């Protein structure tokens, strides 16, 4: 017949394995279904005896704890989780990783931005917010995301880990905290340097080596929008700027310092992305290719195309702003 949206079509489930997945077509429930599918399709529900109904109540509770920010919302959480899923296949991670590592990667991806307020760490700190005070100015948001993540898992009806031995729970919790805190871009340069150092002789058996690979992987998925088709990727830039402007506006109406790349008067869609793709996204993915070559053709390619389009879009912006000058 013609089943309800909650049910994915076999086509959708096939496309769910690729980074070309159009994340914009779905309602929260269809997304919840794709997330649910990923846990089954990866052996996680199986290998960790996750109660199938609990998996769903957990996903609803998670979704319920994301806010309606223009960027940091549940759909962002979904893109990140969905991209991570694509990489588990693209790079055949289940070969290099244990199921516990996969559990940690996916679960951290889904919870990495829980309860985000829409104003980054810098605002929190400069505004001396309740979060900044609670976390002594140390990765306040990310710390907060973890806390909320484990508060949700503390509710028995949502505890997708209730059938995991405490020894393994401790390992999963430690892994998730490390990954969620690694998403703080303040630590980008440091983490990248650490990874590249280990890269001088990677070892899939070295535990510190694998922890950095996972940190790099979740970081990759978190900021991978431009890896997607321009039609799917662009609307995200607008949401990010919408959130950025909202913060800077507030920072101005409070005399608090403002960042150039978040300032209405100094940034454009293209200037936001050119620097980012060239000095952040590409280098990070570039070093990952050395570990997984297929990454180049599937993710480094669209990034070059992306970087090129904005570099052109920038010339037109300038040309139009020169006819607005006096």
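Positions refer to the first chain, counted from 1.
Two stretches are in play, 194-202 and 160-168, and the higher mean C-alpha B-factor belongs to 194-202.
Mean C-alpha B-factor is higher over 205-213 than over the other stretch, the pair under comparison being 205-213 and 122-130. Within the group 58, 48, 292, 66, the record's highest C-alpha temperature factor is found at 292. If you compare the C-alpha temperature factors of 32, 267, 38, 62 in the entry, 267 comes out highest. In the PDB entry, a CA B factor belonging to the lowest third of its chain's modelled residues is recorded for residue 81. The deposited CA B-factor of residue 243 belongs to the middle third of values across its chain.
Split the chain's modelled residues into thirds by C-alpha temperature factor. Residue 93 is in the highest one. Among the modelled residues of its chain, residue 70 has a C-alpha B-factor that falls in the lowest third according to the deposited record. Residue 234: CA B factor in the middle third of modelled residues in this chain (values from the PDB entry).
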